[PDB]
Amino acid sequence: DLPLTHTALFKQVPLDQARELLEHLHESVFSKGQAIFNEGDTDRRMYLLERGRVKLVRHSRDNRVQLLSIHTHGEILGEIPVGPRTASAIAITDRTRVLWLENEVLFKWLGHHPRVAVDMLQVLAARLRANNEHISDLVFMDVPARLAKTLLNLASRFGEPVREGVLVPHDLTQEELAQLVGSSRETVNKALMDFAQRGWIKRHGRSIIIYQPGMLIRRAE
Amino acid sequence: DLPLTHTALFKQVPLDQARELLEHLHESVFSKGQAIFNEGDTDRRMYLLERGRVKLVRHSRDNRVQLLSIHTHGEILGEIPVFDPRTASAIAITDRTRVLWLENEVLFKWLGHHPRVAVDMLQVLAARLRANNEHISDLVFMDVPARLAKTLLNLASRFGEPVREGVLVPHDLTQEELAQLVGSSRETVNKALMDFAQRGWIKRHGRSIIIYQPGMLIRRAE
Ligand code: NA
């Protein structure tokens with residue numbers, strides 16, 4: 001499904017208890033290409049993306065950059081603090097603004113309102129089961145199902161309703177979109193060609209219009 | 001990298017609040033092949049595998065078994081209960097498999113009585129989702145021998161028994177089943193396994209595997 005957001009994580013937090021964190025929320029602004037955190041850091045902070053776009057990347061073999069995710073407003077960047085950083089977070093847009101707080105403040109705050117952790121537990125529960133079926137999926141899903149799943153994921157988080165459906169301004173490179181799908185840009189470009197000639201989508205340079213999201217859902221399984 | 005266990009979720013529970021739940025823990029025993037729960041069922045229970053081994057499978061639309069994971073003693077079977085059906089079926093691998101389970105109502109009233117435990121059950125779920133993100137990161141960078149090494153290491157770390165020659169892993173899986181956990185063809189996985197045996201890293205004993213040199217699998221899994 002959809003990654004962690006502040007709204008989903010803080011939906012059951014009463015307003016007065018959420019107020020207490022605002023003094024401890026730091027605000028940072030990043031320029032294009034600037035790293036918000038790096039792979040393997042040990043700061044143990046919780047970052048909230050407020051404005052802009054961020055990509056979780058992964059420099060590994062031969063120092064080849066590997067796109068893992070792109071994120072938008074309201075989403076938690078990376079993992080919840082408790083374990084070094086599994087990935088690097090790079091600001092896509094200039095004046096990318098993130099709010100963050102140290103883990104000590106969060107755990108003290110959760111200690112003050114332990115009923116909040118009960119409802120956040122249902123969020124990590126619902127997200128870990130969704131994360132598990134994503135792991136089984138990449139074993140048993142062909143590339144059109146994986147393409148349909150990425151386009152649906154991007155549409156639900158970046159989608160703009162247009163006349164013929166939902167436009168998806170992903171603004172990735174053809175290699176990048178293929179990295180999210182999980183195969184070569186050759187295989188993915190052909191799968192996009194099939195989706196287009198079936199009438200399901202249209203390729204708008206670095207945007208994609210989804211004419212028939214209901215068909216992509218069925219193709220996902 | 002380890003799936004959820006009772007001890008990991010309940011390490012921070014004071015002894016008093018763990019005793020209050022024993023009134024509501026039901027005990028069921030299953031023989032080999034029996035389903036503990038089925039895919040698409042809507043029970044809101046938390047299952048704890050106490051003794052035996054269990055596999056999580058999902059049946060596709062042409063009724064072919066898809067092996068997702070296998071579990072051993074101490075682990076939570078399937079998902080943790082939540083107020084929104086089960087995404088998989090749990091099948092007993094061993095005879096007289098014993099599971100303990102409690103209804104979500106009992107769990108949530110108990111979390112309500114002791115909300116402080118959910119704070120630290122939150123941090124294990126957080127560190128556990130971090131583990132899966134590391135796992136998804138591997139499958140794009142790992143070739144077939146790396147995933148085979150990691151799969152055999154994962155099985156060895158949970159149901160492995162140290163012997164003088166190394167670690168005996170009585171996995172009891174078919175070549176098709178093991179290849180589904182590795183994530184590629186039965187032929188491709190069998191040949192990678194053969195390379196491991198030819199190199200002296202493992203030996204294939206029926207459906208048990210001795211890992212002569214587990215440290216070699218560690219290096220290869222990177
Ligand atoms: Na693996």
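Please note: Cβ atoms are built from the backbone with ideal geometry, for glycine as well, and neighbour counts cover all protein chains shown. No lab work stands behind these numbers, since they all come straight from the coordinates.
Pop out the ³J(HN,Hα) list for the stretch A:103-113 in order, Karplus 6.51 cos²θ - 1.76 cosθ + 1.60 with θ = phi - 60°, rounded to Hz; leave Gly and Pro as x.
5, 4, 5, 4, 6, 4, 5, 5, x, 6, 10
For the protein assembly as shown: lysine pairs with Cα atoms under 20 Å, gap of 8 or more or different chains, count?
Taking the protein assembly as shown as the scope, the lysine pair count is 13.
What does the charge count near B:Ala179 come to, summing +1 for each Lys or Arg and -1 for each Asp or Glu among other residues with Cβ under 10 Å from its Cβ?
-2
Could you please report the charge total around A:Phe30, scoring K, R as +1 and D, E as -1 over all other residues with beta-carbon less than 13 angstrom from its beta-carbon?
Within the 13 Å Cβ shell, the charges total +3.
How big is the stretch A:1-141 by Rg and Dmax over its Cα atoms, in Å?
Cα radius of gyration and Dmax of the stretch A:1-141 are 15.8, 50 Å respectively.
Provide the per-residue ³J(HN,Hα) series for the stretch B:35-47, in order, calculated from phi with Karplus coefficients 6.51, -1.76, 1.60 and θ = phi - 60°, each as a whole number of Hz, with x at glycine and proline positions.
With coefficients 6.51, -1.76 and 1.60, one gets 8, 7, 9, 10, 5, x, 6, 10, 5, 10, 10, 9, 9 Hz.
Looking only at other chains, what is the average number of their beta-carbon atoms within 10 angstrom of each beta-carbon in B:107-119?
Across B:107-119, the average partner-chain Cβ count within 10 Å equals 4.
Taking the Cα-to-Cβ direction at A:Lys202 and at A:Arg95 and moving 7 Å from each Cα, how far apart do the two end points lie in nm?
The answer from the label model is 3.1 nm.
Using only helices, what value at 222 nm comes out for the protein assembly as shown when you add -39,500 (n - 2.57) per DSSP H run of length 4 or more and divide by the total residues, to the nearest 500 deg cm²/dmol? Can you show the working numbers first?
On the way: 16 runs with 183 residues, N = 443.
Calculated from helices alone, the mean residue ellipticity at 222 nm is -12500 deg cm²/dmol.
Across peptide A:54-60, how many C-beta atoms of other chains are within 10 Å of each residue C-beta, on average? Intermediate results must be reported in sequence, preceding the final value.
Numbers: counts 0, 0, 2, 0, 3, 0, 4.
So the per-residue partner count for this stretch is 1.
Please report the net charge: other residues with Cβ closer than 11 Å to the Cβ of A:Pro114, K and R +1, D and E -1.
0
Looking at B:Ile136, B:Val189, B:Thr5, which one has the Cα that reaches farthest to the positive end of the dipole of the protein assembly as shown (charges on Cβ: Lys, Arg +1; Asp, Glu -1)?
B:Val189
Quick one: which residues, 5+ away or cross-chain, put their amide H under 5 Å from the amide H of A:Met46? H built at 1.01 Å from N.
A:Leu101, A:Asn103
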